[PDB]
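The sequence lines fix the lettering, A, B, ..., with proteins before strands; numbering per chain opens at 1. Worth knowing before you read on, the calculation uses all heavy atoms, side chains too, and leaves out hydrogens, waters and symmetry mates.
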Amino acid sequence: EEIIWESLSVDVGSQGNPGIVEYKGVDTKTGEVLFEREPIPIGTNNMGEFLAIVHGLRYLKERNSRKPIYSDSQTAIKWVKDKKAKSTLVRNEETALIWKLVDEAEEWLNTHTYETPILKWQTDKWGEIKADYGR
RNA sequence: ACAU
DNA sequence: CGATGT
Ligand SMILES: [K+]
Ligand SMILES: [Mg+2]
Ligand SMILES: [Mg+2]
């Protein structure tokens, strides 16, 4: 119904899927960029969306912030809820980095607690998420 | 089908 | 058009 403006919004950007993956988190109210991940040479859109949420969780926890996180990714929200990223991406030498980060993000989820609500950004009603890359 |  | 996901 109503955007919760006091929130963090995250999104992935890619060149190819699979392809080069990056992500960022922004203040939903102002668009201020709060974190950005260095591009990862090969990953999937959903792995990036998943890493972006988990990074958001870690970012907010470190700062003692109870703000919710918005993501537009049904998939990544579910993967975080499950603490398991069910990616189809082949595990080989060229995908090792993204899979290391995904594995480490799962590991963080399995060893830490959080109350952060992870909310679906309703793109159909509200337009593009504020963290979008514009491509 | 829906979400990317 | 192609790909990633539930
Ligand atoms: K984009
Ligand atoms: Mg997205
Ligand atoms: Mg986007």
task: Answer yes or no: are there more than 12 heavy-atom neighbours, outside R91(A) itself, under 6.0 Å from its atom CZ?
output: yes
query: Does anyone know the first and last nucleotide of DNA chain C in reach of chain A, 5' to 3', at under 4.0 angstrom to a heavy atom?
result: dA3(C) to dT6(C)
message: With a 6.0 Å cut-off (strictly less than), is the heavy-atom count around NZ of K120(A), excluding the residue itself, greater than 12?
response: yes
Expected output: side-chain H55(A) to main-chain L51(A) donor-acceptor under 3.5 Å: no
query: Is the backbone N or O of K84(A) less than 3.5 Å from a side-chain atom of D82(A), with the two atoms forming a donor-acceptor pair by type?
result: no
query: Would you say the side-chain atoms of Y70(A) pair up with the backbone N or O of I4(A), donor to acceptor, closer than 3.5 Å?
result: yes
message: Quick check against the 3.5 Å criterion: does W121(A) have a side-chain atom that pairs as donor or acceptor with the backbone of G127(A)?
response: yes
message: Is the terminal nitrogen or CZ of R37(A) (NZ for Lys, CZ for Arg) located under 6.0 angstrom from the six-membered ring centre of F35(A) and within 45° of that ring's axis?
response: no
message: Looking at every non-hydrogen atom in both residues, tell me the closest pair between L57(A) and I69(A) and how far apart they are.
response: N-CD1, 3.5 Å
- prompt: If only atom types and distance count, is the side chain of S14(A) paired as donor or acceptor with the main-chain N or O of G19(A) below 3.5 Å?
  reply: no
- prompt: Among residues 34-56 of chain A, which residues get a heavy atom nearer than 4.0 Å to RNA chain B?
  reply: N45(A), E49(A)
- prompt: What pairs of residues pass the salt bridge (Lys or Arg N to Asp or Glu O under 4.0 Å) test when at least one of them lies in residues 5-16 of chain A, not counting sequence neighbours?
  reply: none
message: Under a 4.0 Å threshold between the charged nitrogen and the carboxylate oxygen, would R58(A) count as salt-bridged to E62(A)?
response: no
message: Using a 4.0 Å cut-off to any heavy atom of chain A, which nucleotides of RNA chain B are the first and last in contact, reading 5' to 3'?
response: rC2(B) to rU4(B)
Spacing of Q122(A) atom CD and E1(A) atom CD [to the nearest 0.5 Å]: 8.5 Å
- line: Note: contacts of residues 120-132 of chain A with RNA chain B (heavy atom, under 4.0 Å) are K120(A), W121(A), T123(A)
message: Give the residues of residues 67-80 of chain A touching RNA chain B, defined as any heavy atom closer than 4.0 Å, sorted by residue number.
response: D72(A), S73(A), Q74(A)
task: Could you grab the distance from atom NZ of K67(A) to atom CH2 of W5(A), nearest 0.5 Å is fine?
output: 13.0 Å
field: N45(A) side chain vs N17(A) backbone, donor-acceptor pair below 3.5 Å
entry: no
message: With a sphere of 6.0 Å drawn around NZ of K86(A), does it hold more than 12 non-hydrogen atoms of other residues, nucleotides or ligands?
response: no
